[PDB]
Amino acid sequence: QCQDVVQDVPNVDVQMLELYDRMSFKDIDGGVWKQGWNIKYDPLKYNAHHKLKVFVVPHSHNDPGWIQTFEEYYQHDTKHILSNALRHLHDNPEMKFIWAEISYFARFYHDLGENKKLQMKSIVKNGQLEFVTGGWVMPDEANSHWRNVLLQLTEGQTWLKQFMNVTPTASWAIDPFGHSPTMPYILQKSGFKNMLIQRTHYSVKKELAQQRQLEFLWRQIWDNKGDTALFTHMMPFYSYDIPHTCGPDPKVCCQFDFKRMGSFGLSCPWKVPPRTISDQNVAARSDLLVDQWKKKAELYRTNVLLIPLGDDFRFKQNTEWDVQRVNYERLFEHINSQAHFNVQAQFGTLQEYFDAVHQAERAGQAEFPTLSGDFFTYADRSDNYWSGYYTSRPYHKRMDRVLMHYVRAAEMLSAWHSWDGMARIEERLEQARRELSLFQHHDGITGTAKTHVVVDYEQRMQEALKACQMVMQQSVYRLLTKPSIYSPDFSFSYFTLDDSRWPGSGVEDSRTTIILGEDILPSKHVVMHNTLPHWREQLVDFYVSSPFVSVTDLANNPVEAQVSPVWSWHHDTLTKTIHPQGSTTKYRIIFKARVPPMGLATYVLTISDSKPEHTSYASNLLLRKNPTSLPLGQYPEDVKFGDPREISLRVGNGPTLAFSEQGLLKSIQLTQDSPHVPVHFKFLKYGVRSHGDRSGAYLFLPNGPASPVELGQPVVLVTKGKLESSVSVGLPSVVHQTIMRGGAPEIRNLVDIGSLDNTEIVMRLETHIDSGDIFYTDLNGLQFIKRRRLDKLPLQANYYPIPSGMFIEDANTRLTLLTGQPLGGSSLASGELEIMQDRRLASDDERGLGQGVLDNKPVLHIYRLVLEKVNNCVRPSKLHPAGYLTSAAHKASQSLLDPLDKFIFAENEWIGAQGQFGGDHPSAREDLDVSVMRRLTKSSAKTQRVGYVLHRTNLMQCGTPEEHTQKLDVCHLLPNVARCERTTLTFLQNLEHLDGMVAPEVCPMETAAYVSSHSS
Ligand SMILES: CC(C)(C)c1ccc(C(=O)C[C@H]2CC[C@@H](O)[C@@H]3[C@H](O)[C@H](O)CN23)cc1
Ligand SMILES: *[C@@H]1O[C@H](CO)[C@@H](O)[C@H](O)[C@H]1NC(C)=O
Ligand SMILES: [Zn+2]
């Protein structure tokens, strides 16, 4: 049945880790093709019976924000490009154009008058204007979570199906900074047949070009059979611009960019301008151009050649459409009429190219190689590796993951019911999906936009978060109120969300205190939501106005709780120390919530005059020389003081952690009898070069290995409780916290790089683990890929995206660091892991941004740190390119990305309150997730439809007996099911009508989508 993703090493023609191991990466001057060689061809290769078919594909690369905001670019550029495309294509039936970014197209189309909408539909229907990919954006592939890549793809394609009646099956990704196999994974499961990529390391382009392996069947690294394969075309040259798309010599190709003759303010840096094509020069101009084409064709296996014709925000003015079209028409008429060239050239679309390639393949003229792996870390030239943007603007990288989860929770919570249009549910969800989707752009989440554009993305995401909160809290109120009592005001806040980790303590004072008192309000209901499809327990905390608070479930059963102080860290500009202050009127109450699969659970917080039976109080110990008092109001335990010293902590039966006198982890002891394993946290700094190329938003160009941050004698705070303990230390630029709840610790860093120009702050772990040169990092939160550190490459080349986790291991021991935000990282020596926290760069790095990164703001980064024995685990063989998490590490990642949601009832009394929702939902096996639950129909539809995306990961077998769990059939989650269909991941095409209306569970590493239809 299911493929084995662990024990069968796929046999592929090109495996990128193996290729990397072999390649020398020499950066030699190749001639006019600076990073290649002087291409030679046999003029006799093409003849009357075997012609070269050339497709010139006009395009315009439109960024949804970069140097201008989305709306600024729309007003200044994109609306004119689309208006003039409509006119020019209408009037010139053989002209063609491709379009990628549906965020822009949807904005444009909705503003068109009906006559023009109809004209637009006609040029799409007739194949002149073709959508490529059809996502809301052209996303980053490094930092983006797969769930959000799918979200934005679905947003654009759903719009295209509704308004344009088309669904692209070819993808175009010319600008993201390196490429991920997560893209073909999602695309192939969304109906695609072909994809195109561009930004891959120049040494990779050279190597693959030499072997004619630039077109390949790209399969996943674990896929033995090849069912995940997607045909992929990699472009061969340095850029997608016209100089780098006609052939290997940009001095020649630039002369065929007819916008560069002067009047448009553009020119050719190779110092030979374009000249207007005429009868007196067409033969000569054609001989130069066809020669470039035939050289390019040498790099590929068929007689069908792709020639993109475009650049950033091109095809804006009428005069530009004319100058490109008329000159190319003259070239085509000459070339096609002169038999000696043996060429047939025309304007075409991307799909037309791929269709012709596969026709050639089926005619037996070519066979294509198979490939697995990724295309990180990209370098466009010399030692300029683009690993900086794995970290740039980390506040917004963290915000991405928070909004990811809020969109999921809002769509899921509201899916259970049909809503009246007056509730504005669909409206708020569309807004939230679109703002999160926009941020997936390769200048959004990447942190590579101008300051004011970053602010625009942030404002949009803030509005999206508020939209999600509104939908979530309306849904909770409906799900947990007696039906005959429920009386909604769709504008009212029945609950407010409480989020302990966003924006975070020390970032924003955003959380509401639950105010209780004998003379105001004795008690408060709170509700937790669990978006995961299994029963889950998690500690939750709330701020309360008294320490004398106890917790009950709605059956009035006492729940054990812990109260701790509210501690805030302050950079004391008088004493020049960083030290914690405690509140004398707010306290934290902490208790274990237990919540059904995809469900809700209600608890009550009640005040009393004195210490409640079932609530304990943490001790607090402040370690510093020169302490001063720390009063805590009614908090019943006095703060203790001491000189800095090593300390050890253990919560529950979990690990025992030892810390240095500077408050940093030094060892983990898994069990009572077991060893104290060395695991040391350290903070270091990278700088910037004083000569040569400077680091900026894209590039990481360190001035050598990192240097330790000088710590001084930092203040350390130890809080010890029955349920939760922690060690926090105020370091320069980082308040570092290790939190213990009885399992793997949680690490939080409040990172404020302040005014430290030209500094990158890294967090490193040093261990004994004999990892050598191997480490593992994830791709888009979907899969873990084996990395090999290569000393033949510079330090920055060995940095990779850490979108959600990384690990090192030897025969016996593994250390895994899971993240709540994408950041850059590496393992630069055996036994180490490191991950960048923030970077502040004074200089521009010459990729068009025109500024450094000087807009840093405090960010709360979150992690889980999992030390495990793996000697008993069934792991892939030494040649397998993948790795897999254990159950504990996977659950730890879920605790970061999809925590319980917390709701505080706003009013004094909740009439008709219920204790639970979802107690009857199946508790699915731990490796299965309902990644998406989305109602697809509005309330007017007689047949309601609900869509589910189901993802099964693969966890290592390590000898923990499996306990029986329940089968999850998503098609029966809502009553009155009438049909169940397997669909593409975007929900746009029905693939299978399912027997018995039962949606089968998926195989390890597979993702499927199902839609259930309901008659009532
Ligand atoms: C002229 C010079 C300053 C030397 C320059 C060099 C390279 C680039 C890009 O690669 C820009 C690429 C690559 C980086 C990316 O941020 C941008 C935008 O998305 C836009 O679509 C083009 N993208 C730009 C300028
Ligand atoms: C939409 O596309 C399909 C496939 O070509 C076609 O059968 C259908 O009639 C089109 N719908 C409209 C309204 O043109
Ligand atoms: Zn771009």
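Here, residue 1 is the first one in the sequence, and each next residue gets the next number. Atoms within a ligand are numbered from 1 in the order they appear, just like the ligands themselves.
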Short N or O distance, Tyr238 and ligand 1, threshold 3.5 Å exclusive:
no
Is the closest protein non-hydrogen atom to atom 11 (N) of ligand 2 under 4.0 Å?
yes
Any non-hydrogen protein atom below 4.0 Å of atom 2 (O) of ligand 2?
yes
Working to the nearest 0.5 angstrom, can you tell me the gap between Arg982 CZ and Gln989 CD?
9.5 Å
Between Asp380 and ligand 1, which part of the residue brings a heavy atom under 4.0 Å of the ligand: side chain, backbone, both or neither?
neither
Among all the protein's heavy atoms, is there at least one whose distance to atom 8 (C) of ligand 1 comes out below 4.0 Å?
yes
If we only consider heavy atoms of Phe313, is any one of them less than 4.0 Å away from an atom in ligand 1?
no
Which ligand 2 atoms, with their elements, are less than 4.0 angstrom from a heavy-atom of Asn165?
1 (C), 2 (O), 3 (C), 8 (C), 10 (C), 11 (N), 12 (C), 14 (O)
Between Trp386 and ligand 1, is there a nitrogen or oxygen pair with a distance under 3.5 Å?
no
Kindly write out the residues that satisfy salt bridge (charged side-chain N to carboxylate O under 4.0 Å, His left out) with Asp111, not counting sequence neighbours, or none if the list is empty.
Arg107
Ignoring waters, how many N, O or S atoms from the protein are under 2.8 Å from the Zn ion (ligand 3)?
4
Cation over ring face, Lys96 and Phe347, 6.0 Å, 45°
no
What do you reckon, does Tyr698 have a nitrogen or oxygen under 3.5 Å from a nitrogen or oxygen of ligand 1?
yes
Tell me if a side-chain donor or acceptor on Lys397 pairs with a main-chain N or O of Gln821 at a distance below 3.5 Å.
no
Let me know which of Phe264, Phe258, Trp99, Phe97 forms a ring pair (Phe, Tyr, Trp, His ring centres under 6.0 Å) with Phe315.
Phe97
Give yes or no for whether the N/O distance cutoff of 3.5 Å, strictly under, is met between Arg199 and ligand 1.
yes
Which residue, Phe177, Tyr390, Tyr389, forms the ring pair (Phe, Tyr, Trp, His ring centres under 6.0 Å) with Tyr698?
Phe177
Ligand 2 contacted by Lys125 (non-hydrogen, < 4.0 Å)
yes
